[PDB]
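The structure appears below as structure tokens.
FYI the Cβ positions are ideal-geometry reconstructions off the backbone, even for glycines, and counts take in every protein chain you see. All of this is worked out from the model, or read from it or from the source named; no laboratory instrument gave them.
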Ligand SMILES: OC[C@H]1O[C@H](O[C@H]2[C@H](O)[C@@H](O)[C@@H](O[C@H]3[C@H](O)[C@@H](O)[C@@H](O)O[C@@H]3CO)O[C@@H]2CO)[C@H](O)[C@@H](O)[C@@H]1O
């Protein structure tokens with residue numbers, strides 16, 4: 001439950017949630033405010049749904065890429081930290097969580113995928129992806145396998161795909177280009193294809209998941225795996241003597257892994273915005289509190305300058321740093337979610353016999369990424385800002401309706417061809433008047449959607465326009 005004067009935090013299961021809870025007790029002890037940290041499945045999917053109802057967490061913890069669609073939907077509060085606190089974190093990590101020149105989250109850490117090898121089994125880790133099959137021949141004969149890592153989540157197959165030149169989006173002119181996607185180019189084809197090649201030759205099983213790969217490495221069944229800093233705690237427990245080095249090259253070129261920044265979003269809905277700023281600024285982002293999270297599950301290289309000095313010294317952190325530089329940092333555009341979904345199916349269909357690599361990637365490329373910016377391109381910009389909240393399906397509804405209501409009003413009235421800009425104001429108060437209606441209607445226990453309430457929008461737009469026209473008609477008259 002979400003209530004005034006209690007702080008609720010959502011964080012992903014593989015992160016140090018026990019450690020963050022530990023900071024919670026340091027907060028509650030000094031501030032008297034309970035902190036409750038839970039890690040539900042699919043939180044980054046659950047968040048946009050219950051944020052609408054207004055019963056989402058106070059603080060949401062995910063990699064920065066997810067915070068685009070959130071900031072666009074206005075699910076996140078604007079972060080206003082004094083310049084002094086800003087200087088504490090890396091200027092690089094501040095940029096990750098910046099949307100439309102607004103800071104919409106607090107960067108916690110920089111995480112990057114790395115290669116992990118078992119020093120006993122493998123004297124020296126491979127330098128290229130292409131050496132791995134010949135290892136597997138030797139490895140299998142010793143009853144072990146060469147490489148195990150999950151194929152069920154694209155984050156992991158991507159450093160390979162991106163390697164010979166695959167890319168999520170072109171970047172030119174300081175803006176990301178949504179009509180320019182590079183999932184299906186020759187480069188990314190060579191990548192995914194290499195990976196299936198491993199599946200076809202039985203060097204990897206297509207069905208492996210994080211659970212399987214983790215388990216297999218900790219037990220010494222496999223010699224290598226690809227994972228992030230949150231993986232080190234569980235291996236430390238294990239008997240395994242591991243090593244964390246740079247990702248194997250593809251076709252003579254570095255593995256280019258996607259780099260994520262762990263970020264702390266505040267809920268726009270929260271009563272306790274002030275308690276959330278206070279917690280993240282004075283208790284989470286200090287050395288003593290970062291160390292607290294870190295001891296549970298390693299953060300990687302943190303965003304906090306001071307505590308990072310001491311971390312960089314760990315060859316594992318500088319190794320993670322090393323792959324972060326050889327890779328690129330995830331966009332935080334709203335489409336990024338639809339990108340990730342679009343790929344995840346493609347790898348899986350590639351790994352399955354579901355479809356060939358070529359058709360698999362084509363589809364990932366073919367996909368029509370939704371754009372509020374594009375849908376609203378005609379609309380008066382002030383209106384569009386209001387209109388961003390609504391999900392893309394509902395937007396199609398309101399677009400079609402608004403446009404008919406205009407056409408109709410022009411039909412009844414010869415003398416004036418109203419521009420959309422002219423009607424901008426009568427739409428705003430109409431779209432507001434609709435939000436209220438769905439609430440008044442929400443009481444009385446009748447649940448309405450914009451789809452249902454399409455009739456009601458239409459009439460309200462017209463009624464309002466007719467009022468404005470009465471205003472204009474009275475206005476002409478002497
Ligand atoms: O299945 C749900 C999910 O698919 C997409 O998730 C991507 C994440 O956005 C992206 O941040 C990255 O997540 C990894 C984290 O960076 C890392 O810290 C660690 O926790 O593992 C995560 C991957 O296992 O990669 C995934 C896709 O692989 C998409 O964003 C979501 O729309 C969607 O909820």
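Tell me the residue from 96, 71, 77 that is touching a strand residue (DSSP E or B) at 6+ places or on another chain (Cβ under 6 Å), at negative phi, within 14 Å of the ligand (Cβ to nearest atom) and not assigned by TED's automatic domain parsing to the domain that holds residue 175, please. Of the residues listed, the single one that is touching a strand residue (DSSP E or B) at 6+ places or on another chain (Cβ under 6 Å), at negative phi, within 14 Å of the ligand (Cβ to nearest atom) and not assigned by TED's automatic domain parsing to the domain that holds residue 175 is 96.
Among residues of region 102-154 being closer than 25 Å to residue 329 by Cα and free of Cβ contacts under 8 Å to residues at least 60 places away in the same chain, the one that is surrounded by the fewest Cβ atoms within 10 Å (Cβ to Cβ) is 102.
Name the one entry in 432, 476 that is within 32 Å of the chain's Cα centre (by Cα) and either free of Cβ contacts under 8 Å to residues at least 40 places away in the same chain or farther than 24 Å from residue 69 by Cβ (or both).
432
Hey, among the residues in region 301-343 that are surrounded by fewer than 18 Cβ atoms within 10 Å (Cβ to Cβ) and touching a residue at least 60 places away in the same chain (Cβ under 8 Å), which one's farthest from the ligand (Cβ to nearest atom)? Only one residue tops the list, namely 306.
Within region 241-264, the set of residues being in contact with a helix residue (DSSP H, G or I) (Cβ under 6 Å, 6 or more places away or on another chain) and more than 17 Å from residue 323 (Cβ to Cβ) comprises 263, 264. Residues of region 185-203 include none that is within 16 Å of the ligand (Cβ to nearest atom), buried (at least 20 other Cβ atoms within 10 Å of the Cβ) and part of a loop (DSSP other than H, G, I, E, B).
Taken together, 64, 39 contain a single residue that is within 16 Å of the ligand (Cβ to nearest atom) and free of Cβ contacts under 8 Å to residues at least 60 places away in the same chain, which is 39. For region 10-36, give me each residue that is without any contact (Cβ under 8 Å) to a residue 60 or more places away in the chain, touching a strand residue (DSSP E or B) at 6+ places or on another chain (Cβ under 9 Å) and within 16 Å of the ligand (Cβ to nearest atom). Once the filter is applied, which keeps residues that are without any contact (Cβ under 8 Å) to a residue 60 or more places away in the chain, touching a strand residue (DSSP E or B) at 6+ places or on another chain (Cβ under 9 Å) and within 16 Å of the ligand (Cβ to nearest atom), region 10-36 yields 10, 11, 12. Going through (1) more than 17 Å from the chain's Cα centre (by Cα); (2) farther than 25 Å from residue 391 by Cα one by one, residue 14 falls short only on (1).
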